[PDB]
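Chemist: Just passing along the structure, written as structure tokens.
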Amino acid sequence: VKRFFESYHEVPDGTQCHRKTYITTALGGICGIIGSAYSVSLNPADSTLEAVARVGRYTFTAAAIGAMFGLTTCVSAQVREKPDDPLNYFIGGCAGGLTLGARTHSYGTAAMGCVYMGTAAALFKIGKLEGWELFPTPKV
Amino acid sequence: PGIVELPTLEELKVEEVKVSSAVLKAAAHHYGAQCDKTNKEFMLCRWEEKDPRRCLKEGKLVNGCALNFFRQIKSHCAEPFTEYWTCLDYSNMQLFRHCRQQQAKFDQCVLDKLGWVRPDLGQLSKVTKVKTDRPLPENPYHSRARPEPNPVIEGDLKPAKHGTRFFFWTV
Amino acid sequence: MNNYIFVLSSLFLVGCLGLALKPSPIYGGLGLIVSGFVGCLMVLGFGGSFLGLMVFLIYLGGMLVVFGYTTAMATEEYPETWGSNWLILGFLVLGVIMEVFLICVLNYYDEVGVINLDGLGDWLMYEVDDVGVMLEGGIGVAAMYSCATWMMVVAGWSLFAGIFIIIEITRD
Amino acid sequence: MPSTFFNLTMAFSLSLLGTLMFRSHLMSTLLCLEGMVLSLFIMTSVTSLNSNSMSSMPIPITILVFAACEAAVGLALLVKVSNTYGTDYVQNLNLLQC
Amino acid sequence: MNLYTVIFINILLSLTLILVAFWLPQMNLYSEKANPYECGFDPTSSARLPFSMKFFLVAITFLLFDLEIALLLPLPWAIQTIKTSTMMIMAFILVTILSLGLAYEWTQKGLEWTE
Amino acid sequence: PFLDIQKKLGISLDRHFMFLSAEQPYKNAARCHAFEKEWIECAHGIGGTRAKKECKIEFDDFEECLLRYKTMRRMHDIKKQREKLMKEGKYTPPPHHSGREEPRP
Amino acid sequence: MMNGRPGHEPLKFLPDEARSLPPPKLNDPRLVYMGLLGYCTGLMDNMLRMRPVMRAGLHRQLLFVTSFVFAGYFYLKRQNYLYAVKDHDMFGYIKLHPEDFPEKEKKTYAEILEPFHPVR
Amino acid sequence: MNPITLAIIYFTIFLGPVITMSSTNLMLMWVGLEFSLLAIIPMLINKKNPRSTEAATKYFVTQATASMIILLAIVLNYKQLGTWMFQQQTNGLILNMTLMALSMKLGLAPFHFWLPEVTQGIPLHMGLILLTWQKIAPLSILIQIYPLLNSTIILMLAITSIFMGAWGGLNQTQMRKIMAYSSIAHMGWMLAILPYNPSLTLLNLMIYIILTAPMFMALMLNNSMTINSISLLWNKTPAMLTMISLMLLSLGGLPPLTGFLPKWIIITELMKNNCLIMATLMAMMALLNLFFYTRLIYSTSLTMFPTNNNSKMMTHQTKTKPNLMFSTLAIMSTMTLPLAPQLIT
């Protein structure tokens with residue numbers, strides 16, 4: 001899946017919106033599966049049916065966040081013709097936070113998720129633009 | 001990598017002894033004392049040159065001297081050696097302690113004829129210093145270039161310039 | 001007679017699978033006794049017999065004390081062997097099927113060469129000194145008395161300190 | 001030898017999964033620990049015998065000694081647990097969360 | 001191969017004996033016959049209750065002494081060593097500390113079957 | 001960290017059995033003594049990154065001796081070709097490889 | 001990172017090359033501050049044991065100040081050795097590899113055209 | 001107790017990490033870890049209460065599982081290379097298993113769950129011995145394999161330990177659990193700086209040890225277990241308050257206390273290695289750590305919680321505080337920032 005997440009960046013922004021949305025939805029689904037596994041391990045449900053329901057709810061929530069993020073980011077890059085711009089990623093991250101708030105049924109969670117996830121996505125876009133090395137190999 | 005070279009069947013052919021382990025152990029002491037020069041030459045070449053493919057002549061010489069030793073044994077006196085090695089062959093460990101009488105008769109044979117003396121208790125188990133003319137292999141193990149170490153820095157230990165140079169600390 | 005060690009290793013895998021599947025500790029000790037005997041046979045097949053017999057004797061004593069303790073305190077009215085839940089049996093046969101599937105996959109994928117069906121039993125013992133005395137296992141364990149006295153003294157201090165430790169834990 | 005070593009590594013993995021997945025029995029957890037120990041002993045012995053490392057042959061004896069020491073300590077702790085409660089249940093010993 | 005054949009022959013002999021014992025005689029099975037024995041009365045408990053052994057410290061000490069046995073067992077090959085002085089000293093130290101542990105446990109009443 | 005009381009005091013508690021080519025009990029070897037000796041003599045004095053770079057030949061030879069992956073693959077290829085030729089009928093094994101050979105001591 | 005250097009004798013507090021370096025002047029701010037810390041340690045100990053803060057335990061305060069100055073002096077000499085040998089190794093490496101550290105020529109402020117940003 | 005077994009147990013507690021840090025064989029490092037675990041268990045279960053028994057059981061099974069994974073890594077390395085040390089060309093899987101198992105030995109997140117549980121229900125001096133002395137031998141093994149570590153896994157473990165430690169210490173009101181979450185956060189910092197500089201994780205370990213030794217000593221003086229128990233310290237030992245507040249601020253990393261120095265120099269080295277994202281996140285969660293320290297300071301020093309009647313008898317009686325250990329470590333852990341070039345090595 002390393003080649004999958006690299007194939008996210010093989011095309012510039014505003015191109016292959018379906019591919020970018022699918023890749024981001026898959027990434028969100030993986031993250032939701034991991035979080036649901038931790039949740040059902042640390043805090044066990046009353047039965048296996050409730051455990052499976054919680055896993056599905058968390059996975060669908062994170063998949064919806066990733067799908068709306070990728071879709072809104074690619075749509076913004078389409079509608080204004082400058083792909084290398086962090087405000088598209090900020091708008092997409094805010095849409096993902098609004099999706100989180102809609103799933104959680106709380107406008108306060110929607111607003112906080114919008115601001116925090118938009119800031120995170122804009123920082124990520126700036127990092128991919130200007131070569132910020134997350135987890136760098138020791139050099140000095 | 002490279003093609004490994006190894007000798008052919010023609011140069012691996014030799015007159016094998018075809019002699020059982022019990023008769024070998026019965027004749028072991030006198031064989032070890034008769035031609036120890038040839039055997040020690042073979043062991044010296046074998047431990048100096050780790051390649052078995054460059055000691056074949058020494059191995060054939062070991063086989064030749066062993067064959068000559070057994071031909072001398074067969075020619076001069078054969079039946080007390082025969083009864084001695086069969087008495088050794090009887091036991092499950094070929095223990096020398098069982099049939100010392102036949103050992104004494106065989107030693108009497110090889111002392112009256114050919115003048116052989118059986119080695120003592122601790123004589124066959126020491127170093128030998130065998131003389132040879134084969135040149136000493138200057139590069140065993142086929143070692144590589146052994147790359148040179150790091151260029152160690154020499155000089156007088158001056159103090160650190162302008163102190164520790166850690167932010168605003170002057171000293 | 002070539003795949004004897006492979007059959008033993010598969011039996012060891014099955015015994016460890018049962019021990020992982022966690023029966024009542026009576027049957028857990030049974031599975032560990034069987035696995036210890038099988039591992040002893042594997043060590044004996046690979047070489048010296050002293051290490052295999054040592055681990056066999058040690059695990060016999062260990063599982064005996066374990067049996068005493070699970071009779072004393074780690075017991076219940078209906079100690080489940082393996083068939084109290086059908087999930088345990090289904091998971092055992094599922095693990096067996098997965099073992100067969102993975103070894104078939106690694107035989108089909110013969111590039112690395114970890115498990116080969118045609119090459120099994122060909123690379124068990126690599127090189128042995130054909131003529132030679134005092135080259136079996138147990139000579140090194142004896143060399144612990146002369147060449148690794150640090151290993152000997154840390155093991156002895158571990159047992160001594162362990163006596164003090166267990167007395168102070170169960171002092172009550 | 002590589003097939004047997006793969007089997008021994010998988011046996012250690014199974015015993016580790018048994019140690020990590022609890023089923024109501026501290027004694028069964030200790031049993032899984034000693035299964036891991038036995039797998040490591042067999043791996044070390046087979047490796048030393050294959051490589052003819054007679055100098056490293058005291059290593060399995062050392063790991064056996066220290067493993068039996070830790071099994072001794074675990075049995076003593078299980079005795080204390082049984083004296084505290086009377087059932088030896090890992091879910092029953094849970095009162096340190098607050 | 002020989003030892004394997006003898007082991008399998010003994011196992012097959014024991015299996016043959018118990019199969020003869022189970023398929024030879026006549027069976028008449030009912031509930032009062034196959035009930036647990038309990039000296040002619042119904043058992044009060046289920047015979048699977050906790051037993052509470054009284055020599056648990058002796059059992060743990062047996063584990064430690066069995067591993068001390070495993071340490072002491074390569075002595076017949078250890079006495080063939082070329083040094084023999086460090087070997088003798090090491091064997092003396094090992095036996096002495098084992099005896100010291102036994103003496104300390106005896107003094108602290110470890111092997112006394114606390115009820 | 002790593003204290004060096006063994007190097008400071010000059011003793012060797014656990015340093016004579018660090019690797020295979022080191023002080024076997026009577027006089028024995030460890031099946032890759034020459035290869036491990038060559039690798040260690042290469043890597044000594046330049047240790048770390050330089051030893052990883054320019055002792056790769058010696059390390060590859062030693063790893064091949066110890067693990068024998070290439071010999072296993074070569075022997076498997078030879079046996080696979082032999083079995084293919086047996087199936088196709090184009091090969092008959094010699095008497096010494098298959099069956100009765102002339103035994104030499 | 002400097003433990004593997006050639007000539008590194010293990011667990012040696014002050015090798016003889018440290019004898020080539022000038023020692024601390026025994027009244028320098030590091031050692032005066034160490035003595036001050038020892039004095040404050042004595043005062044805090046008296047206050048915690050609920051004694052008079054300075055009227056009591058004069059021998060204890062003297063021992064505290066003396067031990068702090070003593071240990072600080074020897075540790076300071078060791079750190080001076082470490083910084084000096086770090087500078088020595090760096091300069092030696094610079095001299096050993098001159099092609100990786102070129103003496104870059106800077107030009108005057110008559111050829112370079114710095115852009116001008118007006119602040120209207 | 002008994003002086004003979006006290007000497008045996010404490011000597012083995014000392015001997016474990018000493019063997020681990022002074023032995024060049026991975027097997028002898030493992031037997032040192034085993035020595036430390038088996039020796040420290042009877043010191044844990046000593047009061048013979050259910051909480052002590054539970055803490056000893058949890059600690060035993062956790063450290064036994066982690067040591068078994070360590071021994072698996074050692075045996076696999078011995079199979080791969082024939083040596084008893086990870087030299088340079090071992091398998092990354094072996095190295096990652098070593099790192100994971102040593103992280104579970106150390107107790108940093110997401111392997112951190114047992115550490116506040118074990119620290120709770122255990123007497124304060126044993127908590128001190130655990131949280132300081134038990135974290136040197138696994139750190140010694142980690143420092144020994146200073147290169148050939150996965151920086152990605154290192155940074156993930158470091159960031160999650162700092163995050164979870166900050167959140168846990170923020171929630172907790174029990175003093176021992178607070179100290180355990182502080183341990184988790186500082187271990188996260190040490191592990192973060194581990195693959196780039198062993199000197200800086202050694203420095204942070206020393207600063208943490210000399211900072212949390214007198215914190216535990218001050219808890220041990222009045223046997224104060226909770227926030228309220230440390231809050232009625234103005235009536236019990238009013239001279240303690242300034243040093244308690246300064247050491248809590250130093251644990252928070254506030255300048256000009258010397259606890260600012262490890263975070264400052266670790267951030268400096270990570271800037272030198274271009275890990276600004278990790279460094280910034282670590283610094284913000286360190287601010288969270290400082291928040292729960294400051295709430296503790298508000299409880300114990302800057303306000304005066306109500307006291308009860310029997311504290312009059314407590315003031316009537318007399319006390320005893322260890323010389324040469326509390327005041328020395330408190331001063332060296334608060335007022336040693338201007339000796340920073342001497343502290344870094």
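The way I read the labels, and the way they are meant: chains A, B, ... in the order of the structure tokens, residue 1 as the first residue of every chain, and ligand 1 as the first ligand shown, with later ones counted on from there.
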Please give the complete set of residues from chain A that DSSP, run on the backbone, assigns to helix (DSSP H, G or I), formatted as a VMD selection string.

Modeler: chain A and resid 2 to 8 17 to 42 48 to 79 86 to 104 107 to 130

Chemist: Determine, counting only C-alpha atoms, which protein, DNA and RNA residues have an atom within 8 Å of an atom of residue 77 in chain D; residues of the same chain fewer than 5 positions away are not included. Present the result as a ChimeraX atom specification.

Modeler: /C:169-170 /H:53,56-57

Chemist: Mind writing the picked residues with N, CA and C atoms as a compact mmCIF listing (two decimals), in the first residue's frame?

Modeler:
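The result, written out as again-v8.txt:
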# COMPACT_ATOMS: atom_id res chain seq x y z
N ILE C 169 8.55 -14.24 48.81
CA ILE C 169 7.23 -14.05 48.20
C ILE C 169 6.18 -14.85 48.95
N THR C 170 6.45 -16.13 49.20
CA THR C 170 5.48 -16.98 49.88
C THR C 170 5.64 -16.98 51.39
N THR H 53 -0.20 -7.63 45.49
CA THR H 53 -0.20 -8.89 44.76
C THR H 53 -0.56 -8.69 43.29
N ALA H 56 2.40 -6.93 41.52
CA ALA H 56 3.49 -7.88 41.28
C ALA H 56 3.15 -8.83 40.14
N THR H 57 1.91 -9.31 40.09
CA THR H 57 1.50 -10.22 39.02
C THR H 57 1.57 -9.55 37.66

Chemist: Show which residues sit within 9 Å of residue 127 in chain H, as a ChimeraX atom specification. Count only C-alpha atoms, and ignore same-chain residues fewer than 6 positions away.

Modeler: /H:44,118-120,176,179-180,216

Chemist: Take the residues from that selection and put them in a file with N, CA and C atoms, as an mmCIF file, in the first residue's frame.

Modeler:
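That gives us out_22.cif:
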data_model
loop_
_atom_site.group_PDB
_atom_site.id
_atom_site.type_symbol
_atom_site.label_atom_id
_atom_site.label_comp_id
_atom_site.auth_asym_id
_atom_site.auth_seq_id
_atom_site.Cartn_x
_atom_site.Cartn_y
_atom_site.Cartn_z
ATOM 1 N N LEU H 44 8.477 -5.627 45.428
ATOM 2 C CA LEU H 44 7.146 -5.126 45.105
ATOM 3 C C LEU H 44 6.104 -5.739 46.026
ATOM 4 N N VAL H 118 0.998 -0.612 38.093
ATOM 5 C CA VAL H 118 2.010 -1.190 38.972
ATOM 6 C C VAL H 118 2.509 -0.152 39.969
ATOM 7 N N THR H 119 2.687 1.096 39.525
ATOM 8 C CA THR H 119 3.156 2.141 40.432
ATOM 9 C C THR H 119 2.132 2.435 41.521
ATOM 10 N N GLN H 120 0.849 2.436 41.175
ATOM 11 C CA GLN H 120 -0.195 2.443 42.186
ATOM 12 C C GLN H 120 -0.203 1.108 42.922
ATOM 13 N N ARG H 176 1.199 8.597 42.809
ATOM 14 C CA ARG H 176 2.020 7.574 42.173
ATOM 15 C C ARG H 176 1.681 7.429 40.694
ATOM 16 N N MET H 179 3.311 10.332 38.945
ATOM 17 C CA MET H 179 4.732 10.076 38.738
ATOM 18 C C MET H 179 4.958 9.079 37.609
ATOM 19 N N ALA H 180 4.082 8.081 37.488
ATOM 20 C CA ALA H 180 4.213 7.111 36.407
ATOM 21 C C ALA H 180 3.975 7.750 35.043
ATOM 22 N N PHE H 216 9.972 11.781 45.023
ATOM 23 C CA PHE H 216 9.574 10.596 45.763
ATOM 24 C C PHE H 216 10.022 10.669 47.212
#

Chemist: Identify all chain F residues at most 8 Å from chain G by counting only C-alpha atoms; ligands do not count. Present them as a ChimeraX atom specification.

Modeler: /F:3-5,7-8

Chemist: Could those selected residues go to a file with N, CA, C and O atoms, as a CSV table (one decimal), in the first residue's frame?

Modeler:
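In the end it all went to out-v3.csv:
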chain,number,residue,atom,x,y,z
F,3,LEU,N,29.1,0.3,29.7
F,3,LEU,CA,30.3,0.3,30.5
F,3,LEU,C,31.3,-0.7,29.9
F,3,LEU,O,31.0,-1.7,29.4
F,4,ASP,N,32.6,-0.3,30.2
F,4,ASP,CA,33.7,-1.2,29.7
F,4,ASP,C,34.6,-1.6,30.8
F,4,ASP,O,35.8,-1.5,30.7
F,5,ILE,N,34.0,-2.1,31.9
F,5,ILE,CA,34.8,-2.6,33.0
F,5,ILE,C,35.6,-3.8,32.6
F,5,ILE,O,36.6,-4.1,33.3
F,7,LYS,N,37.1,-4.2,29.6
F,7,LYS,CA,38.3,-3.7,29.0
F,7,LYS,C,39.2,-2.9,29.9
F,7,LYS,O,40.4,-2.9,29.8
F,8,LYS,N,38.5,-2.2,30.9
F,8,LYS,CA,39.3,-1.4,31.8
F,8,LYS,C,40.1,-2.3,32.8
F,8,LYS,O,41.3,-2.0,33.0

Chemist: Give me, please, the distance in Å between CA of residue 87 in chain D and CA of residue 58 in chain E, quoted to one decimal.

Modeler: 22.0 Å

Chemist: Any chance you could tabulate, as a Markdown table, the residues of chain F at most 9 Å from chain D with each one's nearest atom pair and distance in Å to one decimal, using only C-alpha atoms, in chain and rising number order?

Modeler:
| residue | atom | partner | partner_atom | distance |
| --- | --- | --- | --- | --- |
| F:16 | CA | D:55 | CA | 8.8 |
| F:17 | CA | D:55 | CA | 6.1 |
| F:18 | CA | D:56 | CA | 8.4 |
| F:19 | CA | D:56 | CA | 8.5 |
| F:20 | CA | D:53 | CA | 6.0 |
| F:21 | CA | D:53 | CA | 8.7 |
| F:22 | CA | D:55 | CA | 7.9 |
| F:23 | CA | D:55 | CA | 6.9 |
| F:24 | CA | D:55 | CA | 5.2 |
| F:25 | CA | D:55 | CA | 6.1 |
| F:28 | CA | D:54 | CA | 8.3 |
| F:29 | CA | D:52 | CA | 7.0 |
| F:30 | CA | D:52 | CA | 4.7 |
| F:31 | CA | D:51 | CA | 6.1 |
| F:32 | CA | D:51 | CA | 7.9 |
| F:66 | CA | D:51 | CA | 7.5 |
| F:67 | CA | D:2 | CA | 8.8 |

Chemist: When distances are computed from only C-alpha atoms, which of C:42, C:92, C:16, C:32 shows the smallest separation from residue 66 in chain C?

Modeler: C:32

Chemist: Within 9 Å of range 34-46 of chain F, counting only C-alpha atoms, which residues qualify if same-chain residues fewer than 5 places away don't, as a list in words?

Modeler: residues 141, 143, 144, 145, 146, 147, 148, 149 and 150 of chain B; 19, 20, 21, 51, 52, 54, 55, 56, 57, 58, 59, 61, 62, 63 and 65 of chain F

Chemist: Provide as a ChimeraX atom specification the residues of chain C at most 12 Å from chain F, counting only C-alpha atoms.

Modeler: /C:110-129,131-154

Chemist: Using only C-alpha atoms, which protein or nucleic acid residues come within 9 Å of range 112-114 of chain E? Drop anything in the same chain fewer than 5 positions from it, and give the result as number ranges by chain.

Modeler: E: 53-58, 106

Chemist: For range 63-78 of chain A, work out the shell of residues within 8 Å, counting only C-alpha atoms and skipping chain neighbours fewer than 6 positions away, then give it as a VMD selection string.

Modeler: chain A and resid 13 to 15 17 to 18 20 to 22 24 to 29 32 88 to 89 91 to 97 99 to 100

Chemist: Next, dump the selected residues to file, keeping only N, CA, C and O atoms, as a JSON list (two decimals), in the first residue's frame.

Modeler:
[["chain", "number", "residue", "atom", "x", "y", "z"],
["A", 13, "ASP", "N", -2.56, 17.92, -8.26],
["A", 13, "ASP", "CA", -3.89, 18.16, -7.72],
["A", 13, "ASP", "C", -4.81, 18.73, -8.78],
["A", 13, "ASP", "O", -4.38, 19.43, -9.70],
["A", 14, "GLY", "N", -6.10, 18.41, -8.66],
["A", 14, "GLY", "CA", -7.05, 18.75, -9.69],
["A", 14, "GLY", "C", -7.10, 17.78, -10.85],
["A", 14, "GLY", "O", -7.81, 18.04, -11.83],
["A", 15, "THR", "N", -6.37, 16.68, -10.77],
["A", 15, "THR", "CA", -6.39, 15.64, -11.79],
["A", 15, "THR", "C", -6.68, 14.31, -11.12],
["A", 15, "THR", "O", -6.13, 14.02, -10.05],
["A", 17, "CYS", "N", -9.68, 13.13, -9.78],
["A", 17, "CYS", "CA", -10.37, 13.34, -8.52],
["A", 17, "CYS", "C", -10.95, 12.03, -7.98],
["A", 17, "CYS", "O", -10.96, 11.81, -6.77],
["A", 18, "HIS", "N", -11.42, 11.16, -8.87],
["A", 18, "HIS", "CA", -11.90, 9.85, -8.45],
["A", 18, "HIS", "C", -10.79, 9.02, -7.82],
["A", 18, "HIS", "O", -11.00, 8.39, -6.77],
["A", 20, "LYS", "N", -7.96, 10.16, -6.42],
["A", 20, "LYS", "CA", -7.55, 10.76, -5.15],
["A", 20, "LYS", "C", -8.58, 10.52, -4.06],
["A", 20, "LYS", "O", -8.21, 10.24, -2.91],
["A", 21, "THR", "N", -9.87, 10.59, -4.40],
["A", 21, "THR", "CA", -10.92, 10.31, -3.43],
["A", 21, "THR", "C", -10.88, 8.86, -2.99],
["A", 21, "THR", "O", -11.04, 8.57, -1.80],
["A", 22, "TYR", "N", -10.65, 7.93, -3.92],
["A", 22, "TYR", "CA", -10.57, 6.52, -3.56],
["A", 22, "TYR", "C", -9.38, 6.23, -2.66],
["A", 22, "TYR", "O", -9.51, 5.49, -1.68],
["A", 24, "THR", "N", -7.78, 8.39, -0.66],
["A", 24, "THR", "CA", -7.98, 9.00, 0.65],
["A", 24, "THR", "C", -9.05, 8.26, 1.45],
["A", 24, "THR", "O", -8.93, 8.14, 2.67],
["A", 25, "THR", "N", -10.07, 7.74, 0.77],
["A", 25, "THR", "CA", -11.08, 6.93, 1.46],
["A", 25, "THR", "C", -10.49, 5.64, 1.98],
["A", 25, "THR", "O", -10.82, 5.21, 3.09],
["A", 26, "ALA", "N", -9.61, 5.01, 1.21],
["A", 26, "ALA", "CA", -8.94, 3.80, 1.68],
["A", 26, "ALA", "C", -8.05, 4.09, 2.88],
["A", 26, "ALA", "O", -8.01, 3.32, 3.84],
["A", 27, "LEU", "N", -7.33, 5.22, 2.84],
["A", 27, "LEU", "CA", -6.47, 5.59, 3.97],
["A", 27, "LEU", "C", -7.29, 5.86, 5.22],
["A", 27, "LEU", "O", -6.94, 5.41, 6.32],
["A", 28, "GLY", "N", -8.41, 6.57, 5.07],
["A", 28, "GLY", "CA", -9.30, 6.79, 6.20],
["A", 28, "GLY", "C", -9.91, 5.51, 6.73],
["A", 28, "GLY", "O", -10.08, 5.35, 7.94],
["A", 29, "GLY", "N", -10.23, 4.57, 5.83],
["A", 29, "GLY", "CA", -10.77, 3.30, 6.28],
["A", 29, "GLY", "C", -9.76, 2.48, 7.06],
["A", 29, "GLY", "O", -10.11, 1.84, 8.05],
["A", 32, "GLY", "N", -9.55, 4.09, 10.47],
["A", 32, "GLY", "CA", -10.72, 3.75, 11.26],
["A", 32, "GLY", "C", -10.71, 2.32, 11.75],
["A", 32, "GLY", "O", -11.15, 2.04, 12.87],
["A", 88, "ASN", "N", -6.68, 24.89, -0.71],
["A", 88, "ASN", "CA", -7.50, 23.76, -1.13],
["A", 88, "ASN", "C", -7.50, 22.67, -0.06],
["A", 88, "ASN", "O", -8.55, 22.13, 0.28],
["A", 89, "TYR", "N", -6.32, 22.38, 0.49],
["A", 89, "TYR", "CA", -6.23, 21.37, 1.54],
["A", 89, "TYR", "C", -6.87, 21.86, 2.83],
["A", 89, "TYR", "O", -7.43, 21.06, 3.57],
["A", 91, "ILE", "N", -9.55, 23.85, 2.95],
["A", 91, "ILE", "CA", -10.98, 23.69, 2.70],
["A", 91, "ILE", "C", -11.38, 22.23, 2.81],
["A", 91, "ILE", "O", -12.41, 21.89, 3.42],
["A", 92, "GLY", "N", -10.57, 21.33, 2.25],
["A", 92, "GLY", "CA", -10.86, 19.91, 2.36],
["A", 92, "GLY", "C", -10.81, 19.40, 3.78],
["A", 92, "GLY", "O", -11.65, 18.60, 4.19],
["A", 93, "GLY", "N", -9.83, 19.86, 4.56],
["A", 93, "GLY", "CA", -9.75, 19.45, 5.95],
["A", 93, "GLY", "C", -10.90, 19.98, 6.77],
["A", 93, "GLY", "O", -11.39, 19.31, 7.68],
["A", 94, "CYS", "N", -11.36, 21.20, 6.46],
["A", 94, "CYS", "CA", -12.54, 21.72, 7.13],
["A", 94, "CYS", "C", -13.78, 20.91, 6.77],
["A", 94, "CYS", "O", -14.63, 20.66, 7.63],
["A", 95, "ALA", "N", -13.89, 20.48, 5.51],
["A", 95, "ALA", "CA", -15.01, 19.62, 5.12],
["A", 95, "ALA", "C", -14.94, 18.27, 5.83],
["A", 95, "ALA", "O", -15.97, 17.72, 6.22],
["A", 96, "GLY", "N", -13.74, 17.73, 6.00],
["A", 96, "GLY", "CA", -13.59, 16.50, 6.77],
["A", 96, "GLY", "C", -13.97, 16.67, 8.22],
["A", 96, "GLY", "O", -14.58, 15.78, 8.82],
["A", 97, "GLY", "N", -13.61, 17.81, 8.81],
["A", 97, "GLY", "CA", -14.04, 18.08, 10.18],
["A", 97, "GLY", "C", -15.54, 18.25, 10.30],
["A", 97, "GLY", "O", -16.14, 17.83, 11.29],
["A", 99, "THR", "N", -17.64, 16.69, 8.36],
["A", 99, "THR", "CA", -18.11, 15.31, 8.29],
["A", 99, "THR", "C", -18.01, 14.62, 9.64],
["A", 99, "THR", "O", -18.92, 13.88, 10.04],
["A", 100, "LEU", "N", -16.91, 14.85, 10.35],
["A", 100, "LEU", "CA", -16.74, 14.29, 11.69],
["A", 100, "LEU", "C", -17.82, 14.81, 12.63],
["A", 100, "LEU", "O", -18.40, 14.04, 13.41]]

Chemist: Residues near residue 140 in chain H, anyone? I mean within 12 Å using only C-alpha atoms, not counting same-chain ones fewer than 3 positions away, as number ranges by chain.

Modeler: F: 1-3; H: 16-24, 26, 29-30, 32-33, 102, 106, 133-137, 143-146, 190-191, 194, 198-199, 201-202, 205

Chemist: Could you check which of E:107, E:96, E:86, E:28 is closest to chain C, using only C-alpha atoms?

Modeler: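 The shortest atom-to-atom distance to chain C comes from E:86.
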
Chemist: What are the closest atom pairs, with distances in Å to one decimal, for all residues of chain G lying within 10 Å of chain B? Consider only C-alpha atoms, order rows by chain and residue number, and present the result as JSON lines.

Modeler:
{"residue": "G:5", "atom": "CA", "partner": "B:152", "partner_atom": "CA", "distance": 8.7}
{"residue": "G:6", "atom": "CA", "partner": "B:152", "partner_atom": "CA", "distance": 6.9}
{"residue": "G:7", "atom": "CA", "partner": "B:152", "partner_atom": "CA", "distance": 9.3}
{"residue": "G:17", "atom": "CA", "partner": "B:157", "partner_atom": "CA", "distance": 6.7}
{"residue": "G:18", "atom": "CA", "partner": "B:157", "partner_atom": "CA", "distance": 7.8}
{"residue": "G:19", "atom": "CA", "partner": "B:157", "partner_atom": "CA", "distance": 9.3}
{"residue": "G:20", "atom": "CA", "partner": "B:157", "partner_atom": "CA", "distance": 6.4}
{"residue": "G:21", "atom": "CA", "partner": "B:159", "partner_atom": "CA", "distance": 6.3}
{"residue": "G:22", "atom": "CA", "partner": "B:159", "partner_atom": "CA", "distance": 7.8}
{"residue": "G:28", "atom": "CA", "partner": "B:171", "partner_atom": "CA", "distance": 9.7}
{"residue": "G:29", "atom": "CA", "partner": "B:171", "partner_atom": "CA", "distance": 9.2}
{"residue": "G:30", "atom": "CA", "partner": "B:171", "partner_atom": "CA", "distance": 9.2}
{"residue": "G:79", "atom": "CA", "partner": "B:164", "partner_atom": "CA", "distance": 9.2}
{"residue": "G:80", "atom": "CA", "partner": "B:159", "partner_atom": "CA", "distance": 7.5}
{"residue": "G:81", "atom": "CA", "partner": "B:159", "partner_atom": "CA", "distance": 7.7}
{"residue": "G:82", "atom": "CA", "partner": "B:160", "partner_atom": "CA", "distance": 8.9}
{"residue": "G:83", "atom": "CA", "partner": "B:160", "partner_atom": "CA", "distance": 5.8}
{"residue": "G:84", "atom": "CA", "partner": "B:160", "partner_atom": "CA", "distance": 4.3}
{"residue": "G:85", "atom": "CA", "partner": "B:157", "partner_atom": "CA", "distance": 6.7}
{"residue": "G:86", "atom": "CA", "partner": "B:160", "partner_atom": "CA", "distance": 7.8}
{"residue": "G:87", "atom": "CA", "partner": "B:160", "partner_atom": "CA", "distance": 5.7}
{"residue": "G:88", "atom": "CA", "partner": "B:157", "partner_atom": "CA", "distance": 6.6}
{"residue": "G:89", "atom": "CA", "partner": "B:153", "partner_atom": "CA", "distance": 7.0}
{"residue": "G:90", "atom": "CA", "partner": "B:153", "partner_atom": "CA", "distance": 9.7}
{"residue": "G:91", "atom": "CA", "partner": "B:153", "partner_atom": "CA", "distance": 9.2}
{"residue": "G:92", "atom": "CA", "partner": "B:153", "partner_atom": "CA", "distance": 5.7}
{"residue": "G:93", "atom": "CA", "partner": "B:153", "partner_atom": "CA", "distance": 7.7}
{"residue": "G:95", "atom": "CA", "partner": "B:153", "partner_atom": "CA", "distance": 9.4}
{"residue": "G:96", "atom": "CA", "partner": "B:151", "partner_atom": "CA", "distance": 8.0}
